[PDB]
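Here is the structure we will look at.
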Amino acid sequence: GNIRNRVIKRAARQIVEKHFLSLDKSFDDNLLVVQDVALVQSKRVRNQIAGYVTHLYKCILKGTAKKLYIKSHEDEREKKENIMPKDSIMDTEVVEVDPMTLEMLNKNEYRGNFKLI
Amino acid sequence: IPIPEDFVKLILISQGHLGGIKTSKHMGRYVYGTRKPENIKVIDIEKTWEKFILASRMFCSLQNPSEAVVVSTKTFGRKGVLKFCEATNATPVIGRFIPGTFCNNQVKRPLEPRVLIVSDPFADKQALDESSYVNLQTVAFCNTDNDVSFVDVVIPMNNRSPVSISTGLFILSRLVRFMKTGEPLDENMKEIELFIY
Amino acid sequence: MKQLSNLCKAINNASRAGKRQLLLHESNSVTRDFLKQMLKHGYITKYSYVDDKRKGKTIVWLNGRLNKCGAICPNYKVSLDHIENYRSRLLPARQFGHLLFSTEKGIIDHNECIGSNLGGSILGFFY
Amino acid sequence: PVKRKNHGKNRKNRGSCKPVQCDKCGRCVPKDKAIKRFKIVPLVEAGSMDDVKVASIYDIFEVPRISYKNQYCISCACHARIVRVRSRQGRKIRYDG
Amino acid sequence: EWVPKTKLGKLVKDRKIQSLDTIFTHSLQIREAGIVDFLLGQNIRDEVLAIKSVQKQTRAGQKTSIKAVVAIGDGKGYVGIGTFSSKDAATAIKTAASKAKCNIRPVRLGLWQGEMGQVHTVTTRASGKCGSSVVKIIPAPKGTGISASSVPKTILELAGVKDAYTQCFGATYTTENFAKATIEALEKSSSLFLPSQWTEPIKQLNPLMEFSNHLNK
Amino acid sequence: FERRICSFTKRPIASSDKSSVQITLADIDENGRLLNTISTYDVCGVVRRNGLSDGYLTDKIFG
RNA sequence: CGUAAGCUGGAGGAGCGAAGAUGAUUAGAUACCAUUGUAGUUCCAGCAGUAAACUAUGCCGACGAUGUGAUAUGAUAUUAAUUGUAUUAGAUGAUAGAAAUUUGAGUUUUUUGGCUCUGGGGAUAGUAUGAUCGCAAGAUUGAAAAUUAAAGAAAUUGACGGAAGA
Ligand SMILES: [Mg+2]
Ligand SMILES: [Mg+2]
Ligand SMILES: [Mg+2]
Ligand SMILES: [Mg+2]
Ligand SMILES: [Mg+2]
Ligand SMILES: [Zn+2]
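Residue numbers (this note's numbering), protein chains in the order written: chain B, 1 to 117; chain W, 1001 to 1197; chain R, 2001 to 2127; chain U, 3001 to 3097; chain F, 4001 to 4217; chain Z, 5001 to 5063.
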């Protein structure tokens, strides 16, 4: 009761994959959709499935749900992180070079502008 | 032969030439000297460019680049390999490497690659361990203190700092683009921000 | 023959691991005629040896063609009619292999021992 | 078979050692093959720490401690649960101080 | 029927690889029994060597299993041996025959003396040891035939050697280790480096790299 | 019955060698381009396990 | 030459203590527990020659993978290190082995560098008899008649503990 069965959890994880888009934030509308897409013998086990679906879907939107990949949610999240910084690390003109590392740059005859500590 | 231009500013910033306190017996010629106060070895940036040419030479002339796998276990390493994989059409494998993906045929995602690439050899042992069972070529970025079993090309870098690991993927992304399509390398230096956080 | 067996054991350890060269700290007139017979049939490359008013040194360069070399002690007096018996014992096949006999003409193969009808003391084998 | 690498004790390149005696039973044991513990206890209890303060003629003073060293044979030691049976693969761990 | 789950087996179904010789020289390990069946049909010869029952004790009773060994063989120079244990004696032999097809190997043949003539005999002397049993194979002149015991003669008839001399050393009453030692004895003779192999062979490309564009598309 | 010979230790390579790999390199001209030619080398199984396989390859190509 | 006992002669004897004698436990205790108590263990001069006297691994000689230590000492170097020779402790690989394990117990059926000693299924038996030693106790050498299909080494699965933890 207080701990869900592995048959319940496995059958709940599949419905997130194929039917992600018809989910919502509220619990009571998830009771309707499982009557369309799932064939369940009993009534009491059915309410545990739809209550577990809002647990996973809400923990997708803000939390860290491991071992579950949905293509739709991850794409727009990377678009928030595809912004570019205005200033990179490569804007600095002065490089800090050690007196040991100075001799390599002179041996290979490189054209960088090196300044020590 | 191609010439490295203004990539010395990338490695000297990102501390890619920094090493460990002690060196292994097989690393050898890649050390130019040590610091006096902190006793930290240095890596010659000349010969590391030689391995960058050679690793690209083995990666090219594959008829289909989808038959090339990259592995990574470091938490920072996920962002950098996914930027590298899309430009080179390679299949990336992130996280804990499941034992049996090359040999056992009952795993969920079976895969039959030809060329294997490894970020850190000590951190990813099972991929090199399963590369001894089926005949594969391996590329690895190794520090001064690592074992070199079951690896034929070594690119010596610094693999502790997460900022440095995205650089070696960044230089590798240009050369395969350069060897396949005749283009000027180092088009936009500002594209390193998509690799780092 | 302490020096001859000490030579052969160092080669089998070296040729199995795959090393290129070898340095030993003793030289001897028996060992020098051994290697010239090994050099003639083409099993190894060139070699050299240094005199330093001491036991002497020996330096040899391999090419990776040796299966096993060996030495026999004690040195048996073999007649002419028993070379056909010893050759079946210590050799894998009839088509190849070699033997070294310390005949009075010199250290020669068993093919020259039969061809000149001379039997003597036996030294060792290599193939 | 052999059970431990060093057979009973940690003695090498020697021939003999003079024996010492256990405190509980009193049998002779060699000084290498012994179990020795060290502990330091104070003269006063912590439960009687505050009550000496109201009876002190002095202003401030330090409470002193004493040390002890004990020796046992291994029959007495395992019976008093000083040293316990460990796993076979876990026998090779050595807890230096 | 057979379906090529492994990518290497898909090439042999599409008639890309003609014979076994490109497989053994390029050292591609096989991981399906269907590859040797499609390459070689109705020339497979097989048998069993021994069948033994092992019995393990538990609290109430004693669970009993059956172990069997199967030798697979061609006519000329392909021998493999695998083992399996099962609860049923019928399915014990059937799976063990498939594992023997995965362990197949070739053997070198030669002559007794000379250079010309049909190959009949193992070339050089070799010795195989697996768990206190040593088997020794000595080459023979022509017209002698195979002179050996009950079990390892039946293996050598599968390999195709007409004539050889054998000896034994050690405990041979366990037929499992006695069969595994002749495998190492046949392998050790073929692995000797000969002066006739001093000539340089031609470099080639792996056949997986050549037909890579056909496989994916 | 043919056998592949390793180019590094100059010995034949067995059939059941599980670590023998044929290393494939494309030939690249001056200034860097692509050419549709492949040059190969072969290695043995024992030389890779020790870690000697890297130092042979650098001296094979660059010298 | 040879721990520990054990013998003859002289010196000494604080604690410990075989043998002997008492108090409890027990069906029975001449045993474990406790109280007494002699020889001995201490020194000098001599005999005696046995131990799980064990690293259960005879002695000499050539070659060997990395890492952390220990004892002695030399060179470079200078207040900061990395290096030579001889022993020695431990960990990870590699070989060899029936396996536990393992820088030798490796370089072996593709068996050879030199030299001494020991074993041949269990039991009878280290027992009889003869010879040589010793004040004695005893020590070294060392069989057979009649018997018997097993005795034994390393390791897996159970069952049991008047065994231990969570
Ligand atoms: Mg002692
Ligand atoms: Mg005496
Ligand atoms: Mg004795
Ligand atoms: Mg003894
Ligand atoms: Mg001794
Ligand atoms: Zn005690």
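For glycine and all other residues, C-beta sits at the position ideal for the given N, C-alpha and C.
The C-beta of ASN106/B comes no closer than 7 Å to any C-beta of chain W. At a cut-off of 7 Å between beta carbons, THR5040/Z contacts chain F. Taking a Cβ-Cβ cut-off of 7 Å, the neighbours of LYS4005/F in chain W comprise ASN1105, given in sequence order. Partner residues in a beta bridge of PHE1102/W, as assigned by DSSP, do not exist. Ranked by Cα distance from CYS3076/U, the options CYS3025/U, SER3016/U, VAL3044/U are led by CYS3025/U.
By the rule of a C-beta closer than 5 Å to any heavy atom of ligand 6, the residues picked out are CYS3022/U, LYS3024/U, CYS3025/U, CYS3073/U, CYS3076/U.
Residue environment: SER4027/F is assigned as buried (16 or more neighbouring CB atoms within 10 Å of its CB, all protein chains considered). Just measuring C-alpha positions, the residue of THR4121/F, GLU4176/F, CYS4168/F, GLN4167/F sitting nearest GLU4157/F is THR4121/F.
Among the residues of the segment 2057-2069 of chain R, those with a Cβ less than 9 Å away from any Cβ of chain Z are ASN2063, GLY2064, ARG2065, in the order of the chain.
Our two residues, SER4098/F and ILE70/B, have alpha carbons roughly 41 Å apart in a direct line.
Cβ contact annotation for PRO99/B (same chain, cutoff 7 Å, sequence separation greater than five): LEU116, in chain order.
Under DSSP, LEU2024/R shares a beta bridge with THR2058/R.
For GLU4047/F, the enclosing beta strand (DSSP E) covers residues 4045-4057. Between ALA4092/F and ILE4066/F, the CB-CB gap stays under 7 Å.
For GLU1112/W, a Cβ of chain F is located within less than 7 Å of the residue's own Cβ. Taking all protein chains in view, the Cβ of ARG77/B is surrounded by fewer than 16 other Cβ atoms within 10 Å, so the residue is classified as exposed. Around the C-beta of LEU1018/W, 16 or more other C-beta atoms lie within 10 Å, and the residue is accordingly described as buried. For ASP5042/Z, the uninterrupted beta strand (DSSP E) run begins and ends at 5038-5042, by DSSP. Rounded to the nearest angstrom, the Cβ distance from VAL5047/Z to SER5039/Z is 19 Å, too far for a contact under 8 Å. Annotation: Cβ neighbours of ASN1064/W in chain F (cutoff 8 Å, chain order): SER4212, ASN4213, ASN4216.
In this structure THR4124/F touches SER4189/F by the C-beta definition: roughly 5 Å separates them, less than 8 Å. Residue burial annotation: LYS1051/W is buried, with at least 16 other C-beta atoms found within 10 angstroms of its C-beta. Chain Z places no beta carbon closer than 7 Å to that of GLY2042/R, leaving this residue out of the contacts. In this structure, the CA atom of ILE1053/W is about 10 Å from the CA atom of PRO1004/W. Fully enclosed beta strand (DSSP E) runs of no fewer than 3 residues are not present anywhere in the segment 25-49 of chain B. With respect to the 7 Å criterion, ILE2122/R and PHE2096/R are not classified as neighbours on the basis of their beta carbons.
Taking 7 Å as the Cβ-Cβ cut-off, the segment 4122-4137 of chain F approaches chain R at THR4123, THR4124, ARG4125, given in chain order. Taking C-beta separations shorter than 6 Å and ignoring five residues to either side along the sequence, the partners of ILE2059/R in its chain run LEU2023, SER2048, following chain order. By the C-beta density criterion, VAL1151/W is buried, having at least 16 other C-beta atoms within 10 angstroms.
If you look at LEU4028/F, you'll find it isn't in any beta strand (DSSP E); DSSP assigns it neither H nor E. Listed along the chain, the chain Z residues whose CB falls inside 8 Å of the CB of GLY2106/R amount to none; the nearest CB is some 31 Å away. Listed along chain Z are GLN5022, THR5024, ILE5038, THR5040, each with a C-beta nearer than 9 Å to that of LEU4205/F. By the neighbour-count definition (other C-beta atoms within 10 Å, threshold 16), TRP1049/W is a buried residue.
Taking a C-beta distance under 7 Å as the contact criterion, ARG4105/F and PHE5001/Z do not qualify as a contact pair. Out of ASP4037/F, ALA4096/F, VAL4119/F, the CA that lies nearest to the CA of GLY4077/F is found in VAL4119/F. By the rule that beta-carbons nearer than 7 Å mark a contact, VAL1115/W does not touch chain Z.
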